[PDB]
Structure formats: C-alpha cells, structure tokens
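In what follows, a structure is listed as structure tokens, so that the remarks can point back to it.
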Protein chains: 4
Amino acid sequence: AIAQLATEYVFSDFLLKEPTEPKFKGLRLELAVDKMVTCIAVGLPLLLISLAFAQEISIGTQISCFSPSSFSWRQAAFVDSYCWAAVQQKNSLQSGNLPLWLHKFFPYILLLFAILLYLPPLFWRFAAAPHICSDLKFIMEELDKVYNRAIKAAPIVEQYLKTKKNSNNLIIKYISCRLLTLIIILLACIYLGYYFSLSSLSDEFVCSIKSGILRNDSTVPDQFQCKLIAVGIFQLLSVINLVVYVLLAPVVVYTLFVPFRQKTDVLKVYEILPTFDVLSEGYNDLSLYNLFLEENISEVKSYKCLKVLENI
Amino acid sequence: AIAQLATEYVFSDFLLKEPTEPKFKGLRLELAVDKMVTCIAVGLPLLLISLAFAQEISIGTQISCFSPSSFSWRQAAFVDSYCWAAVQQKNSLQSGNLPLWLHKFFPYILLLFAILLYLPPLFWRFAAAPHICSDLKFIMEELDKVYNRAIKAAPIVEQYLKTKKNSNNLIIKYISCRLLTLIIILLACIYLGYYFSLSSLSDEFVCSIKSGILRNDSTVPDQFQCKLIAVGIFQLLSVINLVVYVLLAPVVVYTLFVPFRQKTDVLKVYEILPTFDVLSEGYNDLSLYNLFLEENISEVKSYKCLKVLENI
Amino acid sequence: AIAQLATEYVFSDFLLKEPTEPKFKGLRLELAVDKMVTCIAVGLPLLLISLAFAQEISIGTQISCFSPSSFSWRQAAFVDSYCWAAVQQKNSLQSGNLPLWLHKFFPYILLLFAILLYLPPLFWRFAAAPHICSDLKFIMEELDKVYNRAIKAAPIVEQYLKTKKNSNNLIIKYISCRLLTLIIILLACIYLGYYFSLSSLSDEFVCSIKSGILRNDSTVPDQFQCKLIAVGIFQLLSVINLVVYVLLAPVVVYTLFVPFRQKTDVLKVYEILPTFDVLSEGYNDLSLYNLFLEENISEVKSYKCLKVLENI
Amino acid sequence: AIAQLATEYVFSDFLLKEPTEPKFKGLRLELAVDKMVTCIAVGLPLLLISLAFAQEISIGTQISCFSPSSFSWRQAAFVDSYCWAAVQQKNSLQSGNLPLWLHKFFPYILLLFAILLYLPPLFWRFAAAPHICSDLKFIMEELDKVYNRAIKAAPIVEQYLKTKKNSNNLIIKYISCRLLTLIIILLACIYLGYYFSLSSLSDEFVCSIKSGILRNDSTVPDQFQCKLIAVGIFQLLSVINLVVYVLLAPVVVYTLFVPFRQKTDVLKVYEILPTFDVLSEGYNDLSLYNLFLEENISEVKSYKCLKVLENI
C-alpha cells in the first residue's frame, strides 16, 4: 500500500536517527541541516521509485503493444515482452531511442541518484566521523572537568583548539562531501529537467519483430504500436523530485559556506569561569568543530548551567 | 485486511507515542493537543489511502474500458492500460481533463497532504524541541533542588524565566509551525471540497487509441468508453477527510493562540516555599514554556506534594 | 488464514494489555470492565471486517454481473467493475439505492464504528489518565509512608481526598466518555438492526451501462443483472455484532452509574492504624478515584498485610 | 504451510505459557489441568479452521456449480458466486437448507466455539485471578517469614485460612467458569455430532438464478448443480474435534469436583515447625486456594527444605 510505503521512508526515522551502534557513545555525527538534507535527498527518490510502481497506480504492466486480433494471447504476450526488451536495440523500434532508454530505466536512474547521494554521507561517516567523534568526546569530557575544578574553589583546551585551527584536513573532507553532494544534485536536476522536458508523445515507439525466422514470415504485421504505460507517472514524479532538488540545492550550497554559518563566540560563555582566558578567518577545522560543538554542546549539564549565568 | 490496516495507524501508537530515542530522557516534546492534531492530520490520510485501495473494496483494477468484442484479451488489456496512461495527454480522452488528473492521482495527493502535515511536526522536533527539552530538564532539576534545600530547614529560576520572557524566538517557531499546519489543512479542505464537488459522472472519459500506426487503421473503434472504478470510494473518503479537517481546523487555530491557552499561575504553587518570591502579555517564549511545563510538571514528585499543600 | 486472523485481535492482548510506555510506571489506567468493554467494542468489528473478506469465505470477487455470452471476458469484466462503481449513481441501477450503498461500504461502516468506539478510550487516555495516574502514584506512595511510620513505633491524605470530593471535573470526563461510547453503541445497534432487517433479495440490482457512446449502441443489453456476493456474510456478521452490542450495552450503562459501583469502605481498612482517623453522595471525583483505587490497591504490599489484619 | 500452521498453535506456547505481564510477579494463575484444557479446547478449533482451508488441501474454491458449456467464464463465475450467496435465501436452492447453512459457515461456528471456550478463562483471569494472585503472594511471603523466624531460634496464617474457609465467593466463580466451559463443550459436541451426522450427499444443492430480469430469460438453465467442495474435509475435522471434546469432557467434569481433587494435608508438612499448630467439607474457597497452593508451593525454597524433613 502507498500509505505503508511512505511509512517506511517518511513519518519514521529511516536515516534521520542516530545509528544504533554503541561505538560513538550516542552523539550526533552529522549536523541537523546535513541530516535533513541527506534524508530528503536520499529518501525522496526511494519514495518516488516505489510510488511510481505501486500496485494502486499501475495496471500491473509497464509496456503494452497493440497486436493484431489474429494473434493468440501468448503471441501478443511475446510482442509486449519482446518490444520491452527491444528498447536497447538499433535495427528496430523505428520511432531517437534516447528517451525510450530513460523511460524503461527511470526507476534505476533515480536509484542511482539515491546511491550517489548516500555515499558522501557514508564517506563522512567513516573517513571523518570517528576522528571527530573521538575528539568531541574528549572536548566535552574536559570541559566538565574544567567546570568541576573551577566550581570546587568553595589552558589545555585553548592550545588544543588552536592546534586544530592550523590543520584543515577535516574541513576539506566536509567541503568535498558537500561539494560532491551538490554536484550530484545539480546533475540530478539536469537529468530530471531533461527527462521532464521530453514530450509526452515519446513513449509511443513503433516496435517490430523481424529477426531470424520472422523476417521471412508474411504473417505478422511489419510494425507494432507500443506504449510505455508508466511514463506520465514518471514525468509527474520527475518534476516533483526536480522541484524539491532545486529547493534543496540552496540549502546544500549554504552548508558549503562553513565559516559564515558558525559563530566564534560559541565557547565565549566559558569566560565567566576565572580559570579560563579569552580564545574563523578561513576554511579551517576550527570552524567545523564549532559547528559540531554548537549542535551538541547543549546536552552536557555544565554548558546549560553556565549559559544561564551568561544571560544575567 | 482492513482490520489489520487500521491497526497499524490507529488503535496503536503510530506517532502518538514518545519516540524510542534515549536522548530526550523520556519527556513529552509535543503538547497533548499538538500530538493529537498531528496524529489525526497525518494518520487519517494514510488510513484513507490504504482503505480506498484495499483488496476488499476494489475489484483489483482501477480503470476499465469497454473494448469491442472482436478484440482479444491482450488487446483489451492494452486499451485499459493505454487509457490509464492516456489521462495526462491532450490529443485524446475527449470527454475538462482536470478531474481525470485528480482521480488518477488522488492517493498521491492525500499522501502529499500527509507529508506536508508531518514536516511542521518534524521541523519542531529538531529546530525547537532539543532546545526546549534541554531547558525543560534544567528547570525540573533545579525545582527539585530548590524544594530539597527548602525542606532541609528542619531567585535563579525567577531571573531565568524573565530572561526567556524578553526573547521570542521559540514562540515564533511554534506559531509558524501551527500556522504552516493550518495553511496546509486549509489548502487540503479546499482541494477535498473541490474534489468532492466533482460530479460522479466525470470519471467516464471518452478515451481513444489513435497514434502512429493506429491512426491509419480502420479496425479499432475511434473512441473507447472508460470508467475509473475507484472514484466513488475516493469521493466518499474525500468528504470524510474534509469533515475531519474542518473539525480539526478549529483545534489548530485554538492552539495558535498560545497566550490565551496558558495560565500564569502554573508556578504560583511554589509561593508556599519561604525561599520563593512572587513571579503572558504577548507572544513570548514564557507562554510557550508554561504550556510545556503544564504538560509535564506533574511527573516530578516535588510538584504533586507541593500542589496538595496549596489545596489546603 | 482465519485462525491467524483471530489470533491478532483475540487470544492475544491486542488492546487488553497495559501499554508498553514507561511513563505511567506500570499502572492500570483503565478499569477492568472498561478495558473489557473497549476490547470487545473495538476488537469485534475489526474481527468481523476481516472475517467477512477472508480468502476462505469469499470467491475473491464481491460483485458479479451476468453479462451476455456474446461479450468477451474483458467486456464482462467492465460490467462487473462499472456496476460496482455504479452503486453511488442515480441514472442507473434501477432496482431504493440505500441498501446498495450499505452493502458496498459495510466494512467501512464497521470500521467507522470501531474508530468511534476507540476515541473515548483514547480521549480518556490523555485528557484524564495522566492526571489520575500522577495522583494515583502519590496516593500509593504516601500510604506506604504512613504504614511505615505507623509500624515504626516499636491527616494529609484525608484532606487531599476531601479536596478531590468537591471537585467533579474528572468524573464528568469519565461519564462523558462512557456516555459517548454508549451513544455510539446505541447508534451501532440501530444501524446493524436496520442492516440486518434489509431483505436478502436486495443486493440484486438491475445495473445498466448507458452513458456517452453506449447510449447510442444497440449491441449491449439495456439492463444487467448483478449480485453483491458478500452480502449474506455481512448480514450474518451484522446480527452477531448486534447481539454482542445489545449484550454489551447493559455493561456500559452499568459502568455509567459510578457511585453505585463503588464502596466507600475501600479505605476503611486503614482504621486499624492508630494514626488514621475516620474518613459517595453524588457524581464526584472521589467516587472515580475509589474505583481506580479498588482496581490497583492490591498491588502494594502495605494493603495486603493490613487487609489480613482487618480479617481477624 | 500446514507445518508452520500447526507451529503457531501447537509445538509452541500459544496460550499454555505464563503471560508476559509483569504484574502477577511470575506465578501460575491457572491450574495445570485448566491450562491444558483451555489450550486444547481453544487451540484445536483454531487448528482445524486453518487446516480445513489450507492452500494444500483445497483447490482454492469452496463452491463449484456446473454451468452449461454455452456460458462464458465470467457468466460461470457469476453462477458460482451467486449460488455461494444463494445459500441463505428461500426462493432458490430447492434441494432442507439447514445443512447448507452449516457447510458455508462451518469455520465461523468453530471460531464461535473457540470464542465461547476462551471467555471463561478470560473471565477467571480478571474476576478472580488478581484477587487470588495477590492473596497467593502474601501467603508465600508469610510462610517464608514463619520459616525464617522459626529457624532463627539457634497463628496469623491459621486464622487467615479459616477466614477464607467460610467465604465461598471465589470457589463459585471457579465452578461457574468450569460449568460454563463444560456447557459449551457439551453444546459443541451436540453440534459436531449433528454436523457429522449430516449425509455426505447434502452439500449438493440445486441452485438457480431466477430473479429480476433472469426470470423472463429463456437462455440460462432453470436449475444449476452446485457442490460445496470443502465439506468432506469439514466432516473429517468435525468428528476429530468431537472425539477430542468427548475425551476432554471427562477432564472438565473431573475439575468441577474441586473438593475431591484437593488434599487437606498439603500444608500439614508445616507441623514440623514448633511454632505451627494443627490446622474441605464443602464447596469453599479453602479448597480452591489449596489447589492453587499445590500447583505453586514447590517454587519457594522453604517448602522443599521442609518437605524433605517430613520425608524422614
């Protein structure tokens, strides 16, 4: 059913949840915007692939060729089956031949875009997530220790953050991950725009069965009129995916500008502590860590208590 | 089966339960009215989508065209399949063409409304829920500490609440979330009202197979009588969804008026404590926090014990 | 299968079990009679809906029209499909037209009754259950404390119960919940009685295909004899549901009389304790709390030990 | 499959296991004989219902009418579908009409017997189980305390049991539960015996399609020969259920005689303790408690250690 079809990918955490792997100690390894972009960019093509070929929008068949009435049912089944296979050939289907390729393999191409839009999230989850996750746990752990020793009166962190500032290996991976995702979406928009630009009267191709014995057989008609049934649904879903992508593309490029998103005063709330001195100019790992810090610094008890004092 | 169909979305906590994510420490991130509205607004279209295309209300096919008796079964299958695809074309189906689009894609449009009615709950669950959830835990934790230190005789909270009063970023997100949900429901009511207003004798369209080879073929009839079978069920379910929505719309707009819903004396029960002095005029975060406080202040043991003393 | 069909809703806790939500701390939020009534009133229509359209009581089709032998199979399939859709129209099916509506949508109407009989339990589970559940935990917790301090010799509760006595907001919700359930059951009995009163020779309707091109077509017969196959099963199940409901209705109205069900001496067993003085006349929350107390006071260890002493 | 069909209800604890409800603290709320009787009396009709309509004993259809060769397949499908519905009518199927009702609804009647044989177990599980379960836990808890204080030398229980002796409310519920189960089994035996007594040449009924337009139609044959296919399987399974029931009936009536089953010396093993004096004549709750005690007194460590000393 369509309702349970959407339930698997939307209305429930398909890939929008923290993974059930007890190795990252329960932390957000992706930003809220990145997780939202990944879910929409990957979960929408999957939704549209299964929506297009649901048992409540389709008759059951995806191609239908009008055979002559003299043919038996199995002979007519042969024409429908042959012409479905006779889309990737040359000495037949004389109607082009490029839109017919796309119509037959449209669910595959959407799946290919789903794969290409999931790898950069997967590349980030291994090449850069465990390194940041281990660093994130240390930073949160030492901040609590600094708070505990400062409240017990009744700059190791500064040097460590400066060390991350000079290095820029992590931020390049993040930018490359976003750039790769943006390119695929831009490539997807070009394909979907081209696919939607295809005329509706293009799935009708003049197929023919003339090979081997059938060439010297003056019994079958020379040409068969076929119709790829699940095409108007494809073009309807292609523009919907295109509309979402051209709306999702500004979000991706906004994420690409890491330094502008962040604010350097995220850790400036720690200046209230007497044992904490004062602490962005380019594409550095400091900007990337601050964005990850901002997304999960609220979970520790030391930050919320300190932030309230800053609001006094 | 229909009975197990409803079981998935109703009679069981489909999205009416606290999420099984051990990051919010088991707290209600949505109000009781909001959770009820979200469940009905999202779970009803899903119920109706699968109800309309259940295997016990439909014959199995959704379109049927009366082909001439001279046609073989596969030729008749072609007409049914072609005309099902020949709903989004122009040089055919000369019966309008707008209601035929809606009849074919009615389950998709309901699913689209289900998606558009689930995003504002999802936007609230990330853009504003963790911020409130972290604040909510701190408020409950410090209230117990205040109660413990006051009962041990045998205004940090006041300033913090006043700080939230001047800021109004959280309440705007709540109002925007409710406003966005209200607009979609109002848009849904307009569509469902228009869809139900469509005459029952509109799914009958005069389809035709005349393209390529078939144009120069004086064997098939020029016009075919088709009938979209699953249409009376759609109109029956559309008005049912419309009736619920026009009953759910007053609930949504009532939720929109945040300050009138709340009562400022929710925390006035803490005046019994000697170490607690005395503590709404507009769209401020204080109103939003009080509503969230009222929905979960009863779970802490310090509030119930104190509330009984207030009732003396 | 029918056996596994019943297994889902009966022979197993479908909605007769305590919900797996670790927020009520494992307590009965509904009375034994209310839970039994809710399970029967909701789980029976679901059972009958799926029983009627099981793959072992039906041929597979729900309508069958006797087409002339000159028609092809697909043409005959059109008549069966058209007349199934031609139940909600006027210029056709000249056989009334009210019983035909009910026969086609009988599983929907039973599902509608299942929905309307589940909302008052759901309304009670949110509008009045958490308020009572939080109160119930406090009452049980303080009773153990009173027992512990009284047994350690080797009226806060009285005033609190009196405070609940004057207020009657909770009991009105309970009465309204039962009254709403009773009305729906009474409405269901009227419908089922009317549906069962329909003559068995009413599903036979004289359908016709005369619209657009088919009107000026002297090839098809003017009138078609159709037969809604799954009708005798519906009437068999309708009376069964009617018989249960007219047996369940006295149970519901008995529950409506809250003060007569309760006994005021439920907490009189605590008079044995020296530090416990002595403690119904109308529709008050005290009656509602006593009923909930009576259903779960046996789980605490302090009550059973004290009750035995009362039996001396 | 039949093998996995039986697996659900037999070879695995379908209802023969202690319920997974952490409210009875893991105790046997039903006797071993009662649980065995309930499992067989309820799990057998469910097994036979699904066995009769398995996809490996049936052709797929349950009725088949021999239409004339001039009919099309859909017309022949109409006759099979109509006559399947034309079993509850009068001006047709002139073959009686009582066995035809039973043959069509035999799986329903077995399911009805399954329901009626499950309610008394369900009535016992709520009206009398929690009361006994709470009492059972107290009795076991105090027996350990008595053993602990008697072994520490290096009649509250007597009065409590006597108090239960005068009261007989619990035993009446047990007897009524067994009596209700016995009546249903006796009613089931009468039905199954009558159903098995039906001649094998009774499912063949002379159906007819003569109503509305078909009466004035000298094209169809006046009478149709039909055959309810799944009837010999029903009679085979009916006698099997009958044989088990007439074997299960003596077990039920043996359980009805509560005082004869029990032995009063179950707790006489506690006379070894110096601080335990000496402790059936009719239908009293003392007999019921002793039966429940005998079924679960072996789980406590104090009883086994004491019982060994009694065997010296």
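Values in this text are rule-based calculations from the coordinates and carry no lab data. With ideal geometry, Cβ positions are generated from the backbone for all residues, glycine too; neighbour counts draw on all protein chains shown.
On the basis of the beta-carbon distance and an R0 of 45 Å, A:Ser72 and A:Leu119 show a calculated FRET efficiency of 0.40.
For region D:1-42, the square roots of the Cα gyration tensor eigenvalues, ordered a ≥ b ≥ c, give a/c of at least 1.5 with a/b no greater than b/c, which places it in the oblate category. When the Debye formula is applied to the Cα atoms of region A:164-250, each taken as the same point scatterer, what base-10 log of I(q)/I(0) results at q = 0.11, 0.23, 0.25 Å⁻¹? So the normalised log intensities work out to -0.57, -1.05, -1.13. Place a point 7 Å from the Cα of A:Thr20 along the Cα-to-Cβ direction; which residues of region B:1-39 have their backbone N under 16 Å from it? Output list for this probe position: B:19-23. May I ask you to list the residues of region B:208-241 whose amide nitrogen lies under 18 Å from a point 7 Å from Cα along the Cα→beta-carbon direction of A:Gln94? Under 18 Å, as judged by backbone N against the label point of A:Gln94, lie B:212-216 of region B:208-241. For D:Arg261 and B:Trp101, a Förster radius of 45 Å and the Cβ-Cβ distance give a FRET efficiency of 0.05, rounded to the nearest 0.05. Working note: Karplus 6.51/-1.76/1.60 with θ = phi - 60° gives region D:113-129 the couplings 5, 5, 5, 5, 8, 9, 5, x, x, 6, 5, 5, 6, 10, 6, 9, 6 Hz, where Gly and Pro are set to x. According to the square roots a ≥ b ≥ c of the eigenvalues of the Cα gyration tensor, what is the shape class of the protein assembly as shown, taking rounded for a/c under 1.5, prolate for a/b larger than b/c otherwise, and oblate for the remainder? Because a/c hits 1.5 or more and a/b fails to exceed b/c, the protein assembly as shown counts as oblate. The value for region A:46-168 of Rg(Cα) / (2.2 N^0.38 Å) is 2.19.
In debye to the nearest 20, how big a dipole does the protein assembly as shown give about its Cα centre with +1 on each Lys and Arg Cβ and -1 on each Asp and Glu Cβ?
Details: 108 positive and 104 negative charges, 220 e Å.
Roughly 1060 debye, rounded to the nearest 20.
3J(HN,Hα) couplings calculated from phi for region C:235-242 with the Karplus curve 6.51 cos²θ - 1.76 cosθ + 1.60 (θ = phi - 60°) are, in sequence order, 5, 5, 6, 5, 5, 4, 5, 5 Hz; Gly and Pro show x. Of A:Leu273, A:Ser208, A:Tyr289, which is farthest along the charge dipole of region A:170-306 in the positive direction, counting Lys and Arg as +1 and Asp and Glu as -1 at C-beta? Of the listed residues, the answer is A:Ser208.
What is the calculated FRET efficiency for A:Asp222 to A:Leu186, with r their C-beta to C-beta distance and R₀ = 41 Å, to the nearest 0.05? Don't jump to the answer; show the numbers that get you there.
Working: r = 44 Å, r/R0 = 1.07.
Efficiency at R0 = 41 Å is approximately 0.40.
Go through B:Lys137/C:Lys23; B:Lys227/C:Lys210; C:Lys25/D:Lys23; D:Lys35/D:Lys263; A:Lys162/A:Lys263 and tell me which ones have a Cα-Cα distance over 18 Å in this structure. Don't skip to the answer; put the middle values down first.
Details: B:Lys137/C:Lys23 16 Å; B:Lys227/C:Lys210 12 Å; C:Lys25/D:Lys23 12 Å; D:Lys35/D:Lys263 20 Å; A:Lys162/A:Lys263 16 Å.
D:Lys35/D:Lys263, as the Cα separations exceed 18 Å there.
Rg ratio for chain D: its Cα radius of gyration over 2.2 N^0.38 Å, N being its residue count, equals 1.45.
In this Cβ point-charge picture (+1 for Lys and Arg, -1 for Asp and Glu), chain A has a dipole of about 380 debye about its Cα centre. Taking the charge dipole of chain D about its Cα centre, with +1 at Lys and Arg Cβ atoms and -1 at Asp and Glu Cβ atoms, the residue from D:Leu306, D:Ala85, D:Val246 reaching farthest to the positive side is D:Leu306.
Using a 4.7 Å Cβ-Cβ cutoff, the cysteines of chain B lacking any partner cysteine are B:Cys39, B:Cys133, B:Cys177, B:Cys189, B:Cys305.
Based solely on its DSSP helices, what 222 nm [θ] is calculated for chain C when runs of n ≥ 4 H residues each add -39,500 (n - 2.57) and the sum is averaged over all residues, nearest 500 deg cm²/dmol? Could the numbers behind the result be given before it?
Values: 13 runs with 183 residues, N = 312.
So the helix-based figure for chain C works out to -19000 deg cm²/dmol.
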